[PDB]
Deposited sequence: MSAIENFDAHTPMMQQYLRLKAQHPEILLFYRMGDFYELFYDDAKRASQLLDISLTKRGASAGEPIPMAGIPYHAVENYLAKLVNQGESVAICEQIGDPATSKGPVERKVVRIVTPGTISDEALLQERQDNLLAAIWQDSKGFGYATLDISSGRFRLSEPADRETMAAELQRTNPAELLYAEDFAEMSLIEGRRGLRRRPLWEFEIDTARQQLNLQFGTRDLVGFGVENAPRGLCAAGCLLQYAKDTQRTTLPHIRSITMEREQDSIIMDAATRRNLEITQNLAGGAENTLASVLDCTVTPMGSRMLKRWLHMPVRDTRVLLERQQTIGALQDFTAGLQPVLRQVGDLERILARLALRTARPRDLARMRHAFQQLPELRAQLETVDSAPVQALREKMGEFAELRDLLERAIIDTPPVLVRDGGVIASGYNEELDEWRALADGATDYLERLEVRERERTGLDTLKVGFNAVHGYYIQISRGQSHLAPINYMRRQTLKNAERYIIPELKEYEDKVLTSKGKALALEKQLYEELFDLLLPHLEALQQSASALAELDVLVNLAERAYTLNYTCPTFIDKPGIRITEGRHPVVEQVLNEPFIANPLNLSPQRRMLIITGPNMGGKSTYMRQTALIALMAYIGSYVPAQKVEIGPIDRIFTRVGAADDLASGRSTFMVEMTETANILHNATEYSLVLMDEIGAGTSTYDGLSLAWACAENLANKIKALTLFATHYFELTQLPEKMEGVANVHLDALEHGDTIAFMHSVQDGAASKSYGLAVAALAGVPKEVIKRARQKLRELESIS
C-alpha cells in the first residue's frame, strides 16, 4: 500500500541503491555514502537491532521517508564481527568513481560479501579452529559434498553413500556456512545447522562445475586431481566455488587443487562414535577433557588445527602411518629445541591466504618475515636427525632467503595495523619516497623557527604556531594581545580567548606540506601493493612451507606427548585383530586423581566378540572407549597409551549407546545401521540400552543382534551388557567369549577394581549397587529373598 514506487518516482540515489540491493535481496547491504556505510528500509531496522545503532530517516520529496542507519567507514570491522558471529552475511558496496567528475550519483560496485564461511581476516576467526564453507547435495542414489577452507586453499570433495555417513561427515567437518540444493530430501541432516543457505538447483549442474573448476585450476580436465570420476561431489564443488568467487570477487590463486576423500582411505566413524569418544568436544559441548585437550600442545595455530583434522580422520595407508611414527621416534630428543623456534613461525598459513586475496596487512607481512627468520635455525636443527621423512619436511619448508631480505628492506621493524595512514615502508627502499618525506622533519624544524621569529619580531609573548585539521596552519595570538597583531596577518579562525591568522609564507608551507603528504601516501600504497606483486609468484612453495611447518608442529608435538605420557609405538598385522598389553584410556588417566588401572585386550577373527559384564561403575564403558581411542591414535601415526599394541586394519568404528521422542525406536534404528553396514574389518562397540515393553522383549533382540554380529557379519565386537543371560552366548556361538570387570564384595559394601578378567562374572551386583545408593535395608533383604526364588529356577 501507499507510494507506488516505480523507477521514475525514485531519486537517482535510490534507483542505484535498489538495483544493487536487488542483486542481494535477502542479506544486509552496507552502502557507501562518503565517510559512512549506510543501510535502508528493513536493512536499517534490522541493522539497528543487531548492531545496536540509531534508526533514523532520510528526507523525501516523493511520499514516505526512508528508514536509515549506518556506521563510520573506519569502524566497519567491529560491526562486521558482530554480524558474522550471529550468522549474518553482509554485502560491502564501495564507491568506484570520482564524485568531482560524476554528474549524478557515483558508480558503486559491491566489492565483496562477508559470509560466515568465507571470512579470512584475523579478527573475525578463531585461532585454533577451522572455519569451513561447505556444499551439500542429494539425489536418488546418494550425496555429493565439498568443503573449502578459504583461508588456506584446502578444497575437498566426497560422495558419502548413505544418510549416516553424510551425517558423520557434517559432524567431522562442522562447516560454518552450508550451501544446499533446493530439492534436498533429507532435511533432518541439515535443519538447525548454522549458516544454512538454500541455493538454486542450477548451481549444482555438472557441466558448469567441470568448466568452472578446470578454469580455476588451469587444467583441461580433472583427471590429475582424482575427481574426474566423481560427478556427485563435483556438483557440490561447483556450487561451492561459485559462492566463493561471488563473495571475494577477486582471483583466488591459493585454490590450486581439489582432492577426493574416498571411504576406504580413512576409518569412517559414525556420528555417535565421535561424540562418545569426545575427540574435540565433550558431551556437555565444551572443549575440556577431550582427546585433543590432552594430545594438543602444538605451538602454532595452524599445527593445532592440523592435529584435530588428523584425530577426526585416521588414515589407512600403511606407508603414511609408518613414516609418521618414525618421525615421532626420530624427533623425540629434539623436542625442547625445536618447539620455541616453531612457535615463532606463527600461523603462516592464514597470512598466506590474506596474501593471496591481497588483504594482507603490514603486521601480516612482518610476521611472515619473522617466520622466514626462523627457517635457518630449523634447518640446522633438523639436519642432524637421520630420518628420511624428517629430511623431506626440511626440504618442503624451504628457506626463502630472497624474500626474507625483501621484507627486511621494505618494512619497518614494528609497523602499524593498517597501511591507510602510512608509516609502513622503510627508509632506503624507494628513493622517491624519501625525498617526499622532506616534510616529517621539515615540520617543527620550520614551524618552531617561524614561531620564535614572529614571537620576537612582533613582541607578543602568547604567539604560537599550530595546525588544525579543519582550518589549517595558523599563527595564534591571545584575545588580549590580538589588537596588537600586524595588519598583514590575514584572519583565519576565531575562538573565545584567542585569534588565529594566516600569512602568505605559512599558507605556502601549508599547500606544499599537504600536497607532498598526499604524494608520499599514494606512493607508499603503490609500493605496498607491489610487495604483493613480488611475493605472489612464490605462493605455491610458500603454502607448501606452511604445511610442512604445521605438520612438523603436529609430529614434534606427538613425540613430546608420547614421551611425557608414557606411550609406545603400535605395530600393524595383516588381519582384523587388536592385542593390547597394559592399555589405558588416554583422557580418563589424565583427569583422574588416582592411578588408572591398565588393562589387556585380545581380539581376533577366532575371538571376535567379547561379552563384557560387571557392575554399574565397574568400568565397562571405559574399557570399550579406550579400545577405540587406541585404534584411532594408532591410525593417525601417533604412539599409543599402552605397554604394547598390535592392531589389524579397521574400516569403520560403530558406537551404539543408549538414548527426540521414542528412545527404543532410535536405539533400534541405530542398531540397524550397524547390522546393515558393518563388515569383518569394522570395530563395533555395543553399550547398554533401554528395555523393550516387556521382560525379555529387548533381550531377545540383543541376543539376535549379538548372534548376527558373531555369525554373519563377523566384525570385532565389544558388547557391554547388564543382561547376564548373554553370558551363555559363548557356549552356543563360535567367535564369542565372556569377559568381565572385577569387583570384591566384602561385608555390606562393594569395591570396583577396574580390572578385566577372562570369563563371565561370578554373579551380578544389582542389589549391591542399590544398597550403595541408600535403598532401605528391609527392601534389600526382601529383594534378596525374591532373588533366591529366581535363582532356583535352574
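Trainee: Any chance you could give me the deposited-sequence numbering of all the stretches lacking C-alphas?
Mentor: No coordinates exist for the deposited residues in 660-665, so this stretch alone is absent from the model.
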